[PDB]
Amino acid sequence: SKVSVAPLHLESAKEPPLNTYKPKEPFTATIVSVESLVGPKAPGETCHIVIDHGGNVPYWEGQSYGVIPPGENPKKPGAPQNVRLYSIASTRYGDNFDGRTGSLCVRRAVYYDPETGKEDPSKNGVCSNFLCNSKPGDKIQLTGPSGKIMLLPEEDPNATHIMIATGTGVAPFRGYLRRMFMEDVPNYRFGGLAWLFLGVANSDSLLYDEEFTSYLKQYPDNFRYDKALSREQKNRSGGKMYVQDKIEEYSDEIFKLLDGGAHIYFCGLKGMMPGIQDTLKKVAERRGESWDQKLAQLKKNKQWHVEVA
Ligand SMILES: Cc1cc2nc3c(=O)[nH]c(=O)nc-3n(C[C@H](O)[C@H](O)[C@H](O)COP(=O)(O)OP(=O)(O)OC[C@H]3O[C@@H](n4cnc5c(N)ncnc54)[C@H](O)[C@@H]3O)c2cc1C
Ligand SMILES: NC(=O)c1ccc[n+]([C@@H]2O[C@H](COP(=O)([O-])OP(=O)(O)OC[C@H]3O[C@@H](n4cnc5c(N)ncnc54)[C@H](OP(=O)(O)O)[C@@H]3O)[C@@H](O)[C@H]2O)c1
Ligand SMILES: [Mg+2]
């Protein structure tokens, strides 16, 4: 059944923690584990990082941690590095169900010369490689937590939640879905529909697929799961199979759900939002609806939740 979690006093706060730790005095957390999430055919490594904050930096699902990688700011000598934000991929109880760890889902930013393909480690992303290079016992400077856009609306435990992720944008939704389905949270018994759409390059690039597939078998009446494998599938128009093409495959169901009050979440590449808007406008147009008016109503009704980068 659902996994026992502790401490239940993490449910007591009425407001999300915010900026508990700030950049000039971060919390020195400790790495528990780092593991690759992806297989050899993935275009790049995405790693899962479990971070022991000891209960000192609690958060709510949908929030981000800040990480200050070591070193000095290049554009400000003697200054610390800037914060990088990472959507937390764990529930508030974390992957050890004890309120002491949080997890990040981090893609290594690797530079390749556009013409030679030559790598240049000096142009690699500092924090993402710092994180995926981390080992148990290493220290991580944490700030935050931060973010309210992606907090899970729990007022209606039978709400519908349509989650659209690309790549590491899956992070908040791993947290949502563990709280909805995996953890024994007496004060949040989810009985609605959670529908995850996940776009990744190929099968080897899938993130937490075994976990999400397990929800299909455990909660078949409350969870749906669709993947867009961009380098293994192509869309109706011939472009690579992207999440927007998967949304289009279910557009009548999705619009009906939205009309019924469903929340819809977008997390991942900022570049996916224009193609999603184009798809939704085309879908609306075929239904004889104005997408612009629909989106205005969704935003007014606080059904529309976007965090992309
Ligand atoms: C709210 C929020 C949540 C986020 N959640 C996540 C998440 O869950 N997972 C995740 O992986 N990311 C997430 N991101 C992105 C993350 O914050 C970082 O921006 C990302 O990890 C890259 O930071 P970095 O320190 O590795 O790269 P930086 O060192 O900041 O470099 C940025 C980019 O510039 C490139 N670059 C550096 N120098 C050069 C050069 N000389 N020429 C050309 N290119 C260069 C790097 O290769 C890299 O791609 C999130 C962003 C936001 C705003
Ligand atoms: N809270 C946040 O804001 C937050 C949280 C987590 C992640 N992020 C951001 O999310 C991004 C995730 O990048 P990643 O490296 O994990 O993913 P990625 O591998 O670059 O892309 C993931 C999938 O999205 C596809 N894709 C590319 N362009 C697209 C488009 N216009 N529309 C739809 N799909 C498209 C890719 O296909 P192809 O590569 O085959 O084209 C791939 O299949 C990062 O930029 C990160 O900063 C933001
Ligand atoms: Mg895999």
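Each ligand, and each atom within it, is numbered from 1 in the order the structure gives. The figures here come from the full heavy-atom set of this structure, side chains too, leaving out hydrogens, waters and symmetry mates. Sequence positions, counted from 1, serve as the residue numbers for this chain.
- Summarising the geometry of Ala13 relative to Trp60, their closest heavy-atom pair is O-CZ2, 3.4 Å, with the distance given to 0.1 Å.
- Listed here is the closest heavy atom pair of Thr20 and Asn56: CG2-O, 4.2 Å.
- With sequence neighbours left out, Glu285 forms a salt bridge (charged side-chain N to carboxylate O under 4.0 Å, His left out) with no residue at all.
- Ring planes of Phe190 and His161: tilted class, angle from 30 to 60°.
- Relative ring orientation between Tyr215 and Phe212 is described as tilted, the plane-to-plane angle lying within the 30° to 60° band.
- Where the criterion is an N or O separation shorter than 3.5 Å, residue side chain and backbone included, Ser64 fails it with respect to ligand 1.
- Counting protein heavy atoms only, atom 4 (C) of ligand 1 is closest to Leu85 O, 3.1 Å.
- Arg84 NH2, 3.3 Å is the protein heavy atom nearest to atom 30 (O) of ligand 1.
- Annotation for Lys270: atom NZ does not count as buried by contact number, only 12 or fewer foreign heavy atoms lying within 6.0 Å.
- Near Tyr111, with a cut-off below 4.0 Å to any heavy atom, the atoms of ligand 1 are 43 (C), 44 (N).
- When the options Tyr65, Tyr112, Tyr86 are ranked by their closest heavy atom to atom 10 (C) of ligand 1, first place goes to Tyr86.
- A salt bridge links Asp184 with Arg189; the closest basic N to acidic carboxylate O contact falls under 4.0 Å.
- Disulfide check for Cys132/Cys47 passes, with the SG atoms closer than 2.5 Å.
- A 4.5 Å side-chain heavy-atom check between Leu257 and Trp195 finds at least one atom pair inside the cut-off.
- Looking only at protein heavy atoms, the nearest one to atom 27 (O) of ligand 1 is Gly125 CA, 3.1 Å.
- Remark: ligand 1 atoms within the under-4.0 Å shell around heavy atoms of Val106 are 11 (O).
- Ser87 N, 3.0 Å is the protein heavy atom nearest to atom 5 (N) of ligand 1.
- Annotation: side chain of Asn222 is in contact with side chain of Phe181 (closest heavy-atom distance under 4.5 Å).
- Counting heavy atoms closer than 4.0 Å to ligand 1, residue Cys105 contributes backbone atoms (N, CA, C, O) but none from C-beta onward.
- Listed for the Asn129 side chain is a donor-acceptor partner under 3.5 Å among the backbone atoms of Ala109.
- The pair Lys256-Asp252 meets the salt-bridge criterion, with a side-chain N (NZ, NE, NH1 or NH2) lying under 4.0 Å from an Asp/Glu carboxylate O.
- The environment of NZ in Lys148 is sparse: at most 12 heavy-atom neighbours from other residues, nucleotides or ligands sit within 6.0 Å.
- Remark: atom 36 (N) of ligand 1 lies closer than 4.0 Å to at least one protein heavy atom.
- A centroid separation of 6.0 Å or more is found between the aromatic rings of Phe27 and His53.
- The protein heavy-atom contact nearest to atom 26 (O) of ligand 1 is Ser128 OG, 2.7 Å.
- At a heavy-atom distance under 4.0 Å, only side-chain atoms of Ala309, from C-beta outward, approach ligand 1.
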Next item on the list: Verify salt bridge (charged side-chain N to carboxylate O under 4.0 Å, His left out) between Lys240 and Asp245, making sure each step is shown before the conclusion.
Entry: CA-CA 9 Å; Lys240 292 197 274 202; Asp245 310 300; over 6 Å; no

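- At a heavy-atom cutoff of 4.0 Å, ligand 2 is surrounded by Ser87, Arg107, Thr166, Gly167, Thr168, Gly169, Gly199, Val200, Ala201, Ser230, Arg231, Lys240, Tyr242, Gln244, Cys267, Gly268, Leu269, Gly271, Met272, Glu307, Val308, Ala309.
- The presence of a protein heavy atom under 4.0 Å from atom 33 (C) of ligand 1 is ruled out.
- Checking atom 13 (C) of ligand 1 against the protein gives a heavy-atom contact under 4.0 Å.
- Residue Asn124 touches ligand 1 through its backbone alone, judged by heavy-atom distances below 4.0 Å.
- Scanning all protein heavy atoms for the shortest distance to atom 29 (O) of ligand 1 gives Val126 N, 2.8 Å.
- Atoms of ligand 1 found under 4.0 Å from any heavy atom of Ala109 (numbered from 1 in listed order, with element): 48 (C), 49 (O).
- The residue among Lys123, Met150, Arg107 with a heavy atom at the shortest distance from atom 39 (C) of ligand 1 is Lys123.
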